[PDB]
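These notes are about the structure you will find just below.
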Amino acid sequence: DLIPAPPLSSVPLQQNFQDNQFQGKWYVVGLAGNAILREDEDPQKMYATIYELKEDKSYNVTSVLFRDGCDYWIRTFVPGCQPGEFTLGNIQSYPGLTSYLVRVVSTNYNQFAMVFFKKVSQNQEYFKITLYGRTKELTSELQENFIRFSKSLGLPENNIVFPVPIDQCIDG
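Here it is as structure tokens:
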């Protein structure tokens, strides 16, 4: 009894998405989804994601996280059906991962973004929304819009966290 993924008709797409302006480092300031839980003796720690636009218009996408120590994982997001949407490249290479979808919901490129993800993995549907910031903090107002958007997708307050800013790893 995991919360079902919302229909896609409920997830907006950023109008006139600009791939070149979305490049760069984004810090995950907010995180919400059906497998995310407000854990208090091990609160989630902030991580970063770096997007890099290639000649073929896919992104190299690199996640940097603290764990023992630092992990850097690089993946490929391939432009999907409509601008702002992507699929995961080389999906054959991820075991038990059946599908993966990304949709940029909104962004102003130089301050924040909200991005929606939905995947099917070991035969289960998982989704999440990240609130990306170009810095490690954002306004209260942008946090509230993120919370409201998340609730609009069926998530209660417990499935929404704000990762604590850190210095190890994520900046190198």
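Residue 328 in my numbering sits at position 150 of the sequence shown, and the numbers go up by one each step. From the three backbone atoms N, C-alpha and C, an ideal C-beta is built for every residue, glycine too.
- Of 231, 234 and 253, the smallest CA-CA separation from residue 240 is found for 253.
- Apart from the 5 residues on each side of it in sequence, residue 208 sits with its Cβ closer than 6 Å to the Cβ of 309, 324 and 340 in its chain, given in chain order.
- Counted as a single uninterrupted DSSP element, the alpha helix (DSSP H) harbouring residue 319 occupies residues 318 to 330.
- Runs of the alpha helix (DSSP H) spanning 4 or more residues and lying entirely within the stretch 205 to 277 do not occur at all.
- Residue 215 is classed as exposed because its beta carbon has fewer than 16 other beta carbons within 10 Å across all chains shown.
- Secondary-structure assignment with DSSP links residue 309 through a beta bridge to 208 and 292.
- DSSP places residue 199 in the helix class (H, G or I) of the three-state scheme.
- Distance from the Cα of residue 272 is smallest, within the candidate group 300, 256 and 296, for 300.
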